[PDB]
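The chain below stands alone and is given in structure tokens; this is the form deposited in one PDB entry.
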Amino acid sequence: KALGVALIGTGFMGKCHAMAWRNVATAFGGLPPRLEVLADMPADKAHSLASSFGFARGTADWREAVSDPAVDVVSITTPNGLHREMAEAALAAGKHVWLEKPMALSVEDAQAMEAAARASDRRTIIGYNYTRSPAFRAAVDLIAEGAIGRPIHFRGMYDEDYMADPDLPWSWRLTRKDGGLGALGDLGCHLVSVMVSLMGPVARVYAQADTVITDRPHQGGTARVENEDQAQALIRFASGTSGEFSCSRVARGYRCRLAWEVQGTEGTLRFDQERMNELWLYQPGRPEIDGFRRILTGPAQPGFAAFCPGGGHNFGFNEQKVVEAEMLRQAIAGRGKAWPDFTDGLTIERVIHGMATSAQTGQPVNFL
């Protein structure tokens, strides 16, 4: 039978989830999910967006969305603030959960959520857009197949400039409670999701951070920016391999520059999300023709064929979310494991909070 969907939130990621749920069966076949309940505030906004998004109804009561008998799975995309409350309420109501990163603002809340998930017998997945591109998934498979030999180094970054303007006003997100981590939270967690998928688990971090714009306008006065604008870290993976890692929300000229490369004993892979349809692969070759290959995204890569049969017809950012919906759909059907669930996700939260601790204490942080 068709999956009954509830959606909480309609912003950047809320509407992304909505577009995804709308076309998951168009792309992948099977039964179209039923868009049952959309929750958002104010109520008039929830009603108007429910209409245009195609949800059977809208409400300002998020608990209605998680408890409706016709709902099987809940997409949660509202402020990180109430993620634990909403996710745990949905699991308690017997609903599968698609939770936008982060799990919660602290490791402690994430730990409790992880335990609730294991008790509920429902499927969970954390929204990690950037692990779903055909280019990224192709890279993981190429590494798995030995295309670059043994990985010997990872270098990744995630630069954007959405906070570079110092006139941008203060908000609750720039506080430790209310907001949690800064660039590490909004960007770093995404890079960690990609990094651990490529290199395996993180064994140790040593990090440094900075707040470049330390105070911002707050209507007459100013208030202090409490979380980091940028951070960098050196990594040791559980394999013993090295890594470099960074993120920034003040890196002028960058808009979605999640970029990484894996250097191996027999090749190199390189990617930049601002050009998400290109994957660069070097493997040793005859001297006359030796050099990096530009692999342009097409049907040979995971997921792409469900969207288009011809290569070079660029896959979009939003289609990453359709792929993510499908993974959850199949996991609910018992036809495939979804990653990361709340257990896998908690590890990612531990890593990013470990980097924040390292930057503050000046000490390396180790993981089991």
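Each residue number is its position in the shown sequence, starting from 1.
The same protein also exists as the form deposited with a small molecule bound; that form is not shown, yet it is the one meant from here on.
- Note on the partner interface in the bound PDB entry: the residue among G180, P151, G127, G156 having a heavy atom within 4.5 angstroms of the small molecule is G127.
- Contact with the small molecule in the bound PDB entry, judged by any heavy atom within 4.5 Å, is made by just one of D40, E319, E326, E36: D40.
- Only one of 219-227, 169-177, 289-297, 238-246 places residue heavy atoms within 4.5 angstroms of the small molecule in the bound PDB entry, namely 169-177.
- The small molecule is not drawn, but in the bound PDB entry it has a heavy atom within 4.5 Å of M13.
- Proximity of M86 to the small molecule in the bound PDB entry falls within the 4.5 Å heavy atom cutoff.
- Among heavy atoms of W62, some come within 4.5 Å of the small molecule in the bound PDB entry.
- Taking non-hydrogen atoms only, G146 never approaches the small molecule to within 4.5 angstroms in the bound PDB entry.
- Residues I8, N80 and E100 are all found to lie within 4.5 Å of the small molecule in the bound PDB entry, as judged by heavy atom distances.
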